[PDB]
């Protein structure tokens, strides 16, 4: 099956339209390239901001709101009949420091006096509420799906000990969801989003957290499985089990940031796309074949599958593609093998079904067929 141009290959959203929407994460510069725009028009019916809807891009100083970049994404989505997801209202990263400073400009995490801690909790929760209110009041009629909180459970199975948590305890999660519902109404859908949702003890910790909150009347409609995964790991059986476990609680599932790295963890990457050997693309394509067969089987539990980019010329995975060089200056990709130095983030990953020159990959054929 040929490496033809994606711009006029059979539409990916159309193959899957009774199953689930098919989305892409974007940057605003992509809305001004002809190729990106035509790929979004051709192949996708859902969109998400890769960066410009994060807390620090929206409210970088208290009272200063930048919606110019977000607005452009919203406008392109509406003009082209796409669903929109909001990524994301609360995170422990790409968050502005001003949130966690007390009245005299000192870090709140440092405060020892207990009545002064409770004042900070309330102040931070008030700020959290205002940030959410302003965003939801603006977008509630345009944006149907919302990452309310991101990564709030650590990998050790305990609540992640972010400043949000150190300062305000578990109430920050509750206030985030309650605030989105109050200002957005009943028709927006509210998600908790995380990675390694398939992995113990995080999976069960995630599960117990959401069940508890739902029991307490905290509004949560679903789980966002980021799905930054590899060719082998995690297995499909464990994905399937994960999806089913959350669906048992009456939660929707979205696959919110799908990419299939060519590498392991910590990754040892090739320095260029051209160096990646052909067999890696065939392996990837069988992984995607199994993957999307599983998504289809569970289509009644999954409303959306979104890829964390458009085509292989641009992916955040390249920021993790460390290249390992042995003493002779040759590239080392075997995980236990000798090496002398590493150039962090200088290599090239290849995670999507569309290549860097916008032609279809074997993984595409594997997910467009009905075999």
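Numbering follows the first chain given and starts at 1.
Higher mean CA temperature factor, per the PDB entry, when comparing 145 to 153 with 208 to 216: 208 to 216. Taking the PDB entry as given, 334 to 342 carries the higher mean Cα B factor of the two stretches 302 to 310 and 334 to 342. Comparing C-alpha B-factors across 74, 276, 135, 95 in the deposited entry, the largest value falls on 95. In this entry, the residue among 257, 118, 221, 83 with the greatest C-alpha B factor is 118.
Ranked by Cα temperature factor within the chain, residue 321 sits in the middle third according to the deposited record. When all modelled residues of the chain are sorted by CA temperature factor, residue 227 is found within the lowest third. Among the modelled residues of its chain, residue 50 has a C-alpha B-factor that falls in the lowest third according to the deposited record.
Annotation for residue 168: C-alpha temperature factor in the highest third relative to the rest of the modelled chain, per the entry. In this PDB entry, residue 161 carries a Cα temperature factor that places it within the highest third of its chain's modelled residues.
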